[PDB]
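What follows is a single chain, given as structure tokens, in the form deposited in one PDB entry.
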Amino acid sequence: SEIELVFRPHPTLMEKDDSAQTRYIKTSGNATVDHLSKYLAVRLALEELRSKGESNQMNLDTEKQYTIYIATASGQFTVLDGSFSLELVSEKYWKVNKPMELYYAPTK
């Protein structure tokens, strides 16, 4: 729907060996951070399953929950409460009239 997201791995909290591939996402502004974290978990799991499906290995397996961040002034990242709507996040933290930039990392 109406909220647009440019969704990336947290630059520092990544696993170096993992893809840095930016995701472009549309959804309702009423979606919460918890919905987005769960969406990520599901999408990554689905992608991993399909990848294992296409790999030469005969054996599969079963991972993580994610924390969502937004960049703030200055040189830092703010953890977003799971109950926040994405609309609130854009108004409170992002503000500008552009697709919103959010980040993710596995919850320690």
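C-alpha atoms forming the largest set that superposes within 1.5 Å between two forms make up the rigid core. Numbers for residues come from their place in the sequence shown, where the first is 1.
Form deposited in another entry: not shown, discussed below.
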- Query: Superposing on the rigid core, is the CA of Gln76 displaced by 2 Å or more between this form and the one not shown?
  - Reply: yes
- Item | Rigid core superposed: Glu47 CA moves 2 Å or more between this form and the one not shown | no
- Message: So that I can tell if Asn30 moves, could you say whether its C-alpha shifts by at least 2 Å between this form and the one not shown after the core superposition?
- Response: no
